[PDB]
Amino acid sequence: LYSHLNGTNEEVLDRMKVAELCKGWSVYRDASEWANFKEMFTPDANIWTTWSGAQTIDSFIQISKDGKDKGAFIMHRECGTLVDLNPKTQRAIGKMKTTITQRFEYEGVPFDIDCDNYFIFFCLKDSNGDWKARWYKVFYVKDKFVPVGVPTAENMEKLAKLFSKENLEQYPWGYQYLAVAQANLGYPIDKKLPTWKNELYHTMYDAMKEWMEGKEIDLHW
C-alpha cells in the first residue's frame, strides 16, 4: 500500500524529490560533480557496483576519482524513474532504470559495453526533512557488445577473442559482457549481484519490502 501514482500534493512532491536524487547518479557522477553526488546519500551510505563491490559512499567517491584519473570512462543513460513511498515510515524506494555504458579499447579497437539495469535507491527522510539514500544496489538485466567504429571483419575477429563463450560464462547472465570488459581492464568483479535470472533477485525484493516497513536491513551478502 505504497504511494507511487497520484496521491496527495505532499506525496507527489516527496516522489519528485526522490526521483531527482536517483537521477543525480547519471547527471553528477558522469560529470564528476562529486559534492552534488555526495548530497544524494546519508553520511554512512553503502554502494555496490560490478567493478567496486561493496563500498561506503566516501570510499566509492575516492576510488571513482582514481579510476577516472586513470582513464576509466563510464556513463549512464537514465531510462525511466519512479518511486515507491511510505509516508507513515518516511521511507522510499527509488527505481531508476538505466543503461551503464562504458567505453573500452582492445588491441587498438574501441568499443562500448551497454548494460540495461535497475538502480535501486533505499531512501529515508532525515532529521532535516531531506530525502537521502542509505543503500544503493543494482538489478542487472541484460547487456551487449557495442561497436564504436564501423564493424569491419578484421577488427571484429580480434575482439571476438576477448568475448569468448568461456569468458562470458564466468559471470552472471545480465552483466557478462560488462564483467569481461571490466576484468580485462584489471577490475575485480563482484559476482554476487542481483540479476533477473539468479536467486539474489528475491533477496533484493525482500530487503526492499523490509526497508519500506521502517526496518533495518543489510545488503552485505
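Residue indices: 1-based, along the sequence shown.
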property: Mean Cα B-factor comparison, 142-150 or 85-93, giving the higher one as deposited; result: 85-93
property: Residue range whose averaged C-alpha B-factor is higher in the record, 104-112 or 131-139; result: 104-112
property: Chain-wide C-alpha B factor ranking for residue 196, given as lowest, middle or highest third; result: highest
property: Lowest, middle or highest third - CA B-factor, residue 206; result: highest
property: Residue 38 by Cα B-factor - lowest, middle or highest third of the modelled chain; result: lowest
property: Position of residue 45 among the chain's modelled residues by C-alpha B-factor, lowest, middle or highest third; result: middle
property: Entry-reported Cα temperature factor of residue 213, expressed as the chain third it lands in; result: highest
